[PDB]
Each structure stands twice: as structure tokens, then as C-alpha cells.
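Two forms, one chain: they're shown below as C-alpha cells, one block per form, named structure 1 and structure 2.
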Structure 1
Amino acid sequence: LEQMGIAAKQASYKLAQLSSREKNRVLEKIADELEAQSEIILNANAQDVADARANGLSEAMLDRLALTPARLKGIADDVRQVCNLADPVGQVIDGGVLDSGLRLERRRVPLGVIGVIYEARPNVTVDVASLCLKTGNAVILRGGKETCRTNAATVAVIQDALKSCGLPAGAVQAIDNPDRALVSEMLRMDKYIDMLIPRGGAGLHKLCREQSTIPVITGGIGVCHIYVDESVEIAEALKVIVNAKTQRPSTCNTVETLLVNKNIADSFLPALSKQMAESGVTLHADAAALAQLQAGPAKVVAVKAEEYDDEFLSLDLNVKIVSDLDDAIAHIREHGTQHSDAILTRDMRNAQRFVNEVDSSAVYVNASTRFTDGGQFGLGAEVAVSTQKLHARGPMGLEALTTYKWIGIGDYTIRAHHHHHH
């Protein structure tokens, strides 16, 4: 896999100097070719989905894997949107004049070579390739075996467009072998890859962090908690909860726990059960709320200790009764994965305290937790949602793949031994 690193590193230097016009031309050709060859991508995706059904995969899993003509048009529109954004490379962050006469400034520069290991999803390949081309980084892709056909078809189109536009062929490359030894080999190619983006569950992150010598920005799993305060409107809160849970349960920003204040549990729980029975979602309630939720039409079962720390990725929910805001904050800190947390309330003080005392990557007040997306946050698209602290956090835009560089200009200036200041 050494030649992979050689090809990526050599292509990165050429890419870093390309003007925005060439990158925009490549992106526009990519979108046009994507829309042109819909019949082959759709056929390959449908065949792969049918093959996946033969292995008894979950319905939500197939829905994530499935690609419709509407989804193809949506990803083409996202490519055009990222083409329409301003190029972050070359932008000036800040500047000034020092007391010694030196003109200082910071300019954004491309990262270099980016290696991404991502889950079985077709659109993520296109999104990553488009973002890396627009920013000016050489990317190396490696996805799950489930999306082998769609990825093999889309990378061919991307490479053909790259050849057509005259850009070096090593800019965007992928690995087709589903072997996991190649992943371990890639994890050790530190001299080529500058930063690695793994998207997956706990096992992939454990294996990567165990045998990594490259900077890693973990996508991380998501356990999103929603806290219902004592003073809140039942009708509005139920709609927000339904939107956060039912719509696309297979994602990561879906709510997994529902912390309910003990003062409002008298009337909120019976209405929640009635709504959830229509929604058809099993409630893994706590012992305290078991008595209240037993009479509800929605089916309810006792919760286990380990159930709080993992995602259901289906129509399931955890119901816990807390004493006050401090208890909910402590529980969120203890069991949360720092992905997304929202509070539904009518009190200003409680909202401010929750915003201040919660360290999740995104905090919402009277809003759904499904807003944690690259497109929803105003950015063109996202490669992953960062749950770590270094470099980017939350959704990743064009800025997340760029670093700055100090530039100084002077008239043969020399640093003085004694730096006086006022």
C-alpha cells in the first residue's frame, strides 16, 4: 500500500496550488456526470439492497442502504451546493501590524492527505470526494462490504471526471478489498496520511485508537438525551419528541433517552404513552415510571443498566425520572457521549443553566436533536460529526479540513533583545 501513499502525497502538492476555477469545474462535471449516469448507480444500489435483504438485515438498515431517484437528485444538489460555496483556501483569518514593523497574518491552507474509513452508505463517498476536491486534499476511501457495488461504480465516475479535467489521477482513490488487514496496514501509514476520519460503532473506534499512529478525529457513537422540564407545553413537546425519534431512527443524532422531571410526570407520561402507541415505539421505562406507563397503550418493558449507554438504532426509547435539573445534568455527564442534548422548557433560568453546564457538541433549547447535520447547520455538506475536542467539533464543513499558516513580511526586520511593551 506504499504506492497508495506515494500517489496521494504527490497529488496533494499539485492540488494545493489549483485555483478555485479548476476545482469548481471538476465539481460541476462531477454533478453533471452523476445526474447523467443514474440508471447504472440506481441499478447497482438496488441489486446490493436486494442482496442485503437476503442476509436478514434490519429494515432501518436497508432504508439507510437504499437509494432512490429522489436521493440521487438530492446528493447531486448537495454537490452543486458545495460547488456554490466560497473556497476556504487562501482566506485570511486575521492580521495586523506588530510593534517591530512586521506585517502578520494567517492564511488557510489544505490539510494534505485525508484517509477516511466510513460505514456502508452510498452518499458519503460522494460527499467526502466532493469536499476533499473543493478544499484541495487528496483522499483515500475505504467503506463497508455492504456498499461495495455502489462505491465501485461511483469511484469509477469520479476518477473518469478527474481524468477528463486533467487533474492528477492520484487525487481520489479507494480500496475495494473488504479485508480488515488492509485497514490495520493503513492505520500505520503515518508518513502519508495527515488525518484519519473513522465513522462507525464502538468496535471500529476501539480498534483504530488501539493501533493508530496518525491523528484521528473520531466520529463517535451518539447517545442523545432529551430533558423535559417541569414547566413545558405537552402538545409542543410531544411533537418535538416524535420528530426526534420516529424520523430516520437509523441515524446517530436520534434521541435515545428521555429524562422527565418528576413534578410533570403525573400528566406527561399518560399522553406520551398514547402518542408513542400510535408511533409504535417500545418504551424501556425505568422502575419509577413503570407504574405510570403500565396502563398506557404503548408496550413498555423494564430497562437494564447497560441499556443507557448504547443506541437502539430502531423504534425504542429509554424513560427515566429525575428529581431536578441537577440530577439530569449529572446523568447526562455520566452516560452521555457528548453528541447532542436538548431541553424543552418555558423557564429562562433553567435554559441558561442547561446551556452553560452541558458540554455536548451541540445543545438545543426547545428544538429537535435531528438538527445536528452539515446541511441543516448552513454548511454545504458534512464528512462526519466530531464528538472529540481537538480540531473541529460537531458537524464538519469546508473549514474543518483546513489549517492556517502564519505569514510575516518585513523590511529586513530583526527581533530586538529587549521587547518593551505598553
Structure 2
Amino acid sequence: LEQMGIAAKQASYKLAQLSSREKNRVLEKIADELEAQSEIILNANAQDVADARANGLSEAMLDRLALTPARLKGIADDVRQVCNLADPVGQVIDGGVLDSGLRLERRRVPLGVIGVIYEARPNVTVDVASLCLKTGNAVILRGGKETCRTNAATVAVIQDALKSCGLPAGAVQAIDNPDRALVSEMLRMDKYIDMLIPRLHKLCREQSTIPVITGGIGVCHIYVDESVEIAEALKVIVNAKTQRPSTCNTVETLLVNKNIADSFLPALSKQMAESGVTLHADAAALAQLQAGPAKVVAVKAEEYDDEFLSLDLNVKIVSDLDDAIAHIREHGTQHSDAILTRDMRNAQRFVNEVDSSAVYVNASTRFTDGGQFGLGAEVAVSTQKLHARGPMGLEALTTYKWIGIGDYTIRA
């Protein structure tokens, strides 16, 4: 795989000097060619879907790994959308004249070669390819074993487009082979790859030597204060849970203040049965919600630290804001945390004392997305504290360097 890495390095060197207009024309060209050769992609997708169905995968997984012609049309659409974004490469961050007559400035530059790992997601292939092409970063894709044929066809089409536009063919590469030893090798190219996006986390945590920007699992907690409007809080909770539960930013643990719980829990159950989410409630929550129409069961200790990714929820009663903060600190994964309240001091304390990647006040937790934050598109959501945090846009894939201009200046 050394040859592939050296090809990616050369491609990054060539791409770092490109112009914004050339990148936009390239993006439009690849979108056009993807639209043109839709039938070839669809045939491979149908074959892969038939193979997966023969393997016994569920209907939901089969739909997820499938691709309709409408889906590829949408892929062309968001590629064209990223074509219209603002290029952050070369932009000046800050600068000034020093005391010794030296003019300093900081300039944004491409991060180099980016290796991303995913599984059973066909659209993310084209999405990450376009996003790295816009920034001028050579990308190495880890296509899933399930959809190897579709990913191979897509990367072949993109490479054909790049050759048509004259760009080096090594800008975008993919490893179709599903061998785990190759995965370890990719996890152990420090000198070549400069940054890794794992979209599984434990494996790279143990083995990786390249700096890793993790995505991580997300258990988002919502705290309900004693003074709040019942109907609006219920609507916010329903939007946070009912709409697309499979997303990693959905709420999982709901914290209800002790004082308001007596009134909140009955209406919560009344709306909850209509929404139809199972309530893994605590002991006191069980006692209060037993009369409720919504189905409710006891909660186990390990359920608080794991995301259901389904129509399930956890109900816990806390004494006050300090108890909720302690619980969030102990069990939270630092992904998203929101508070519904009508007190200014409580909101200020919650904002100051919580160290999540995104804190909301009287808002849903479903806004932790690249599109909602106005970043155009995102590659992943980072829960670490280094480099980018939260949704990662274009500027998250660029580093900076210092440039100093003088006239034979010497330090004194």
C-alpha cells in the first residue's frame, strides 16, 4: 500500500496549488458524469442489494445500502451545491507588523492526505470525495465490505472524471479489498497519512498512530427545569425523538426536575403514547408513569451509557440543576445537551458549567448538523477537544502556517 500512499502524497502536492475556479469546474464535471452513467451505477447497486438480501440482511439495512436513481440525482444535486460554497484555502486569518520591522501573517493551507473509514453508506463516498476535492485534500476511502462493488464503480467514475479534467488520478483512492490486515496497515501509516476520520472507534484508539478525529457515540441529555411551559417542552421533546431516531444526535436521556415532575410526567406520558416510544424509566419515574397510557418499563444501569438508536427513552428524576450537571458529567459522551427552562440564572449556569460539544437553551438537540449550522456540508461530528469540535465544515479540513516578510531583519 506504500505505492498508493506515495501517489496520494504526490496528488496532494499537485492539488494544493490549484485554483478555486478549477476545483469548481472539476466538481461540476464529476456531477455531470455521475448523472450520465447512472445506469452502470444502478446495475451494480441492484446486484449488491440482491446479494445482501441473499445474505439475510434486514429490510432497513437493505434500504440503507440501496440506491435509487432519485438518490443518485440527489447526489448530483448536493455535489453541485458544494460547488457553490466559498473556498477557505488561502484566506488570511490574522497578522500585523512586529516591533522589529517584520510583517507576520497566518494563511490557511490544505491539511494534506485524509483517510476516512466508513461502512454501508453509499452517499458518503461522493460526499467526502467532493468535500475533500473542494479543500484540495487527497482522500483515501475505506469502502465497506457490503457495498464494495458500488464504491469501486463510483471511485472509478470519479477517477475517470479527474483524468478528463487533467487532474492527477491519485487524488481520490479507495481500497476495495475487505482484508482486516489492510485496515491495520492503513491505521499504521503515520508518515504518509496526516489525518484520519473514523465514522470501530476502539480499534483505531488502540492501533492508530496518525492523529485521529473521532466521531464517537452520542448520548444526548435534555434537562427539564421546574419552571417551563408543558406544551412547548413536549413539542421540543417529540421533535428531538420522533424525527429520525437513527441519527446519532437524537436525545436518549431525559432529566426531569423533581419539583415539576409530578405535573410533567402525566402529560408527558399522554403525548408519549401517541408518539409511541418505549419509556425505560427510573424507579420514581416508574411509580409516577405506571398509570400512564404509554408503555413503560424499568431501566438498567448500563442503559444510561448506551444509545438505543430506536424508539426508546430514559426517564430519570434529579433533585436540582447540580444533580443534573453531575449526571451529565459522569455519563455524558459530550455530544449535545439542551435545557428547557424559563429562568435566566439557571440557563447561564447550565451554559457555563457544561462542557459538551453543543449546548442549547430552549431548543431541540437535532440541530447538531452541518447543514443546520450553516457550514454547507459536514464529514462527521467530532466529540474530542482537539482541532475541530462539533460539526466539521470546510475550515475544519485546513491548517494554518505563519509567513513572515522582512528586509534582512535579524533578531536582537
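All residue numbers here follow the sequence of structure 1, with the first residue given the number 1. Superpose the two forms; the largest set of C-alphas matching within 1.5 Å is the rigid core.
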item: From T282, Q81, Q294, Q91, residue displaced between the two structures - CA threshold 2 Å or more, rigid core; value: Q81
item: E146: Cα shift of 2 Å or greater between the two structures (core-aligned); value: yes
item: Core superposition between the two structures, C-alpha change of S323 at least 2 Å; value: no
item: Exceeds or equals 2 Å, Cα of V358 between the two structures, core fit; value: no
item: Between the two structures, how far the Cα of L42 shifts once the core is aligned, in Å; value: 5.7
item: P395: CA movement between the two structures [superposed on rigid core, Å]; value: 0.2
item: Angstrom shift of the Cα atom of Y192 between the two structures (superposition on rigid core); value: 1.0
